[PDB]
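This document opens with one chain alone, in structure tokens, the form deposited in one PDB entry.
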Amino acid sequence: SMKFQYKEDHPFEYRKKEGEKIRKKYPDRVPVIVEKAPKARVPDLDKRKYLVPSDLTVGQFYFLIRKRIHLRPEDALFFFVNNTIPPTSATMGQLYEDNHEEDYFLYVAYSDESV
């Protein structure tokens, strides 16, 4: 029951129209909404909505987020999707297939704590 602002700020039917449009316009990409888990002691990620190549790996996405938020490299970083932590070698396309919500978006939280 993690809140995401894009969900908090728009009704379902608006989101689903928008996810379906973008999936129609970019069939080899997936739309992903990323937010820091609340009260995780890591920097916030300012840009929250991404259109990502389906073949991009979780680990590649980690590396992009780490750079953007200036995470020190001793610090850990984990994705949460529906309370699970995906394998670093999973693709974002597979993560989307397995977890996208009914508005056709994938919602990803992150923290430097896995537990």
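For the two forms, the rigid core is made up of the largest set of C-alpha atoms that agree within 1.5 Å on superposition. Sequential numbering from 1, following the sequence displayed.
Quiz prompt | Residue range whose averaged C-alpha B-factor is higher in the record, 34-42 or 84-92 | solution = Mean CA B-factor is higher for 34-42.
Quiz item: Do the CA atoms of 54-62 or those of 22-30 have the higher mean B-factor in the entry?
Solution: The stretch with the larger mean CA B-factor is 22-30.
Exercise. Could you say whether, by C-alpha temperature factor, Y107 belongs to the lowest, middle or highest third of its chain?
Key: CA B-factor rank for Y107: lowest third.
Absent from the display: the form deposited in another entry. The rest refers to it.
Practice problem: Using a core superposition, identify the member of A76, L64, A37, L51 whose Cα displacement between the shown form and the other one reaches 2 Å or more. | Solution: The one that shifts is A76.
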